[PDB]
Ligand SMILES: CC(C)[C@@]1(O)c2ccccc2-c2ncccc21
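As structure tokens, one chain now follows by itself in the form solved without the ligand.
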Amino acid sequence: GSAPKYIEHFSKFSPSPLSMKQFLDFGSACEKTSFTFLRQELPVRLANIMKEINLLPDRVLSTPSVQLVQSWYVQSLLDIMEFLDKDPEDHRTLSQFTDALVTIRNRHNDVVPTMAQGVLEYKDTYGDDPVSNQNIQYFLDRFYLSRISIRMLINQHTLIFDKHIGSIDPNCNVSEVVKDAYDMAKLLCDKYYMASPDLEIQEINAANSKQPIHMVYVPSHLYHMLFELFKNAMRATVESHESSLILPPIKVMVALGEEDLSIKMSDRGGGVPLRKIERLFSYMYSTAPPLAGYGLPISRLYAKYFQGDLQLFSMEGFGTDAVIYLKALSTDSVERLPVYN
């Protein structure tokens, strides 16, 4: 077959990062334009990461987990090729493309735990030295960020072409998503422990005091990050106080500035020493044989994906602040994509 040839062809192109603006307009031009865009852009994005996978050393590349994921990417690229010559005006072309995208999305559902098995095997077969850790971190941050970007494209297409524009809410109420993610975390926390901390939210709308804070965002991404952070803040608060009786609440501040929309989650879970902070973001050090890959490093990629970030600052003996940084403005919300070279 031609998969290596295709990988070589399409890996010559740079992925084309889109803004919220471009994402919103695609959900007004129409389906024909999304098809002609995606049938070029997905092969570019697939090929770019596949080429990087092929640069891994043979002792990583030859393992079953990487071979299995490499085979998903090959099939998914070939499924998209079928459509390069097809005629956009034929509505049978268009509905078949949507079908093809749903299959591809489903096919890659188990990438995270599959890659996690590759990390476990590497730890036991070659060891867990700091240079191994940086290469795993380098590779998986790029791989998972690439994968987030591909799921975004597919989701926008399949959801729009069967108020919200697919996975985008142009009027996302940040505090509502905070409450949702808290309510779910509380549910799990009450089940596994005899207690759960309460929630306090404070908003700070710098330019428009007391006006509720809204933004253009992908609320499922924001929920994913807030849920992960609530789980950690709840486990820590509960376990650090099981001999205590009082249970400090989790305090969330939502700040809207000129360019940043910032969400701080503060707990009194007794904190972590600075030395152990880097480990919490490490795919390697957080892989082993939360509440009852991994949550923190992947939550940080979701934040990075539209030019944001997620930082942890702890105070050993007191507690931990987690901050999600997002761009306030849809104009500054552009895909961050790993480019091959």
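Here the rigid core means the biggest group of C-alpha atoms that line up within 1.5 Å when the two forms are laid on top of each other. Throughout, we count residues from 1 along the sequence that is shown.
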*After a rigid core fit, does 305-313 or 29-37 show more C-alpha displacement in 5 other deposited structures of this protein?*
29-37
*Unmodelled in at least a third of other entries of this protein, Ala292*: yes
*Which class fits the unmodelled deposited stretch between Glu89 and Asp90: none, 1 to 3, 4 to 9, or 10 or more?*
none
*How many missing residues of the deposited sequence lie between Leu55 and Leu56 in the entry, grouped as none, 1 to 3, 4 to 9, or 10 or more?*
none
*Between 263-271 and 194-202, which has the higher average C-alpha B-factor in the PDB entry?*
194-202
*State which stretch shows the higher mean Cα B factor in the entry: 254-262 or 73-81.*
73-81
*Largest Cα B-factor, entry values, listed residues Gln311, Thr287, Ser299, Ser314*: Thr287
_Most elevated Cα B-factor in the entry, residues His221, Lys231, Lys163, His108_ = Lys163
*Sorting the chain's CA B-factors, does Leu94 end up in the lowest, middle or highest third?*
highest
*asked:* Taking only the Cα B-factors deposited for this chain, tell me whether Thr320 sits in the lowest, middle or highest third.
replied: lowest
*Position of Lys276 among the chain's modelled residues by C-alpha B-factor, lowest, middle or highest third*: middle
*For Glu121, return the chain-relative third of its C-alpha B-factor as stated in the PDB record: lowest, middle or highest.*
middle
_Where does the C-alpha B-factor of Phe26 rank in its chain, lowest, middle or highest third?_
highest
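What comes next is about the form deposited with the ligand bound, which is not displayed.
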*the ligand in the deposited complex: contacted by all of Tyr217, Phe306 and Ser330, heavy atom 4.5 Å*: no
*asked:* By the heavy atom within 4.5 Å rule, which residue out of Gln156, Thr98, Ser76, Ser146 makes contact with the ligand in the deposited complex?
replied: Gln156
*Looking at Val254, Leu188, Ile160, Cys172, which is the one with a non-hydrogen atom within 4.5 Å of the ligand in the deposited complex?*
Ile160
*asked:* My question is simply whether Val44 lines the interface with the ligand in the deposited complex - judged by any non-hydrogen atom within 4.5 Å.
replied: no
*Answer yes if any heavy atom of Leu301 is within 4.5 Å of a heavy atom of the ligand in the deposited complex; otherwise answer no.*
no
*Applying a 4.5 Å heavy atom distance criterion, does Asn54 contact the ligand in the deposited complex?*
no
*Decide whether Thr33 counts as a contact residue for the ligand in the deposited complex under a heavy atom distance cut-off of 4.5 Å.*
yes
